[PDB]
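Just the one chain here, the form solved without this ligand, laid out as structure tokens.
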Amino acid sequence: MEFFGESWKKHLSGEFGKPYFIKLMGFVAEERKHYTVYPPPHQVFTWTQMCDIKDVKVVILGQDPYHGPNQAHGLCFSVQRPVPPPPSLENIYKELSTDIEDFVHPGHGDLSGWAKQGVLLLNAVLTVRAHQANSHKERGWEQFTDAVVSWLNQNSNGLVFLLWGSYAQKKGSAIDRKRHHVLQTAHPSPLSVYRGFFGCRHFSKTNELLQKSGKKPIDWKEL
């Protein structure tokens, strides 16, 4: 065991030598000497430690990670006991309460339970300097995570991709929109959520597309 799960290391290690990646791993080191970066070094790739890459079924992609203390733990939008759900997570559950029937507020914000079933919880960018949104954008993450969308797009079928916000949506042009199912919408944040997120029914539409495909529906209450 270690920061990457083995099944992803296998299909990603090829970025490890490319200069944009030597550079980015250097850049964020400098950030950690001089500010607090979220998440902390060992949590940055938690999105790999949840299931075998070939077991992935849904991809929920966000902007970047949470940037308040003790929040971002590598799984997009997720937060760990004790931490309370942030607005974006509070909101999410709201859509789920009216989109999905049986679903009731989990009482905590830890979303590991989904990523075990095959939901890749990712953000376009994976680090954030404290208290400043998208602060680590255009630094070489987007390209690395593109390897991650590329590989799925290449080596899997009938994946549901859920693209939350203007920034997540940028991966869109790289997905085969026939091979896969791309559901795009306004980012769950209170700064936006009215732009479409509430009413988007992204959770139910996922299962719908998953069952027609012989695959198992994601059990969203399983948190």
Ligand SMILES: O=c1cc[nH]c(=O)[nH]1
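The numbering used is simple: start at 1 and walk along the sequence shown.
Not on display, but discussed next: the form deposited with this ligand bound.
Peer 1: Can you work out whether residue 76 and this ligand are in contact in the deposited complex, taking contact to mean some heavy atom pair no more than 4.5 Å apart?
Peer 2: Yes.
Peer 1: Examine residue 184 and determine whether its closest non-hydrogen atom to this ligand in the deposited complex is within 4.5 angstroms.
Peer 2: No - in the deposited complex, heavy atoms of residue 184 and this ligand never come within 4.5 Å of each other.
Peer 1: Wondering, does residue 49 line up within 4.5 Å of this ligand in the deposited complex on heavy atoms?
Peer 2: Close contact is absent here: in the deposited complex, residue 49 is far from this ligand, nothing within 4.5 Å, heavy atoms only.
Peer 1: Within 4.5 Å, heavy atoms only: does residue 127 come near this ligand in the deposited complex?
Peer 2: Outside the cut-off, so no.
Peer 1: Tell me which stretch of 176-184, 41-49, 23-31, 59-67 has a heavy atom within 4.5 angstroms of this ligand in the deposited complex.
Peer 2: Among the listed stretches, the partner-contacting one is 59-67.
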